[PDB]
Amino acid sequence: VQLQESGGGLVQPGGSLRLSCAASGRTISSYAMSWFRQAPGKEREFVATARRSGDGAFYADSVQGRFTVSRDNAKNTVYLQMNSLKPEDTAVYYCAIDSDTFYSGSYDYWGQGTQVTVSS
């Protein structure tokens, strides 16, 4: 299994971006998928998680109300819809599988990251 984030880019404050994390290989529908972000010279931080369908979506304080995480099992893909972008949202954005079916956060598999930059 491999992951590839795409949809990063440059956007003005208040604008939107739609991130996608595609998983090549084994089927991920039974595992939670999580988004993290890492700004330059700051720790890697939690953004969102989409658990199995029906098990709910969970968000960090910083992105609550603005970002929506969702999944397409048919496409082995997870999406992060980012609305009302802020300059502080600038970071590289990563997705990861939780290899634990019971959701304890065993992030073994990571994608390479997509750059998000919000600026005038």
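Sequential numbering from 1, following the sequence displayed.
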query	finding
Stretch with the higher entry mean CA B-factor, where the candidates are 83 to 91 and 35 to 43	35 to 43
Relative C-alpha B-factor of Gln12, binned into the chain's lowest, middle or highest third	highest
Chain-wide C-alpha B factor ranking for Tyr109, given as lowest, middle or highest third	highest
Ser53 by Cα B-factor - lowest, middle or highest third of the modelled chain	middle
Chain third (lowest, middle, highest) by recorded CA B-factor, residue given as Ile28	highest
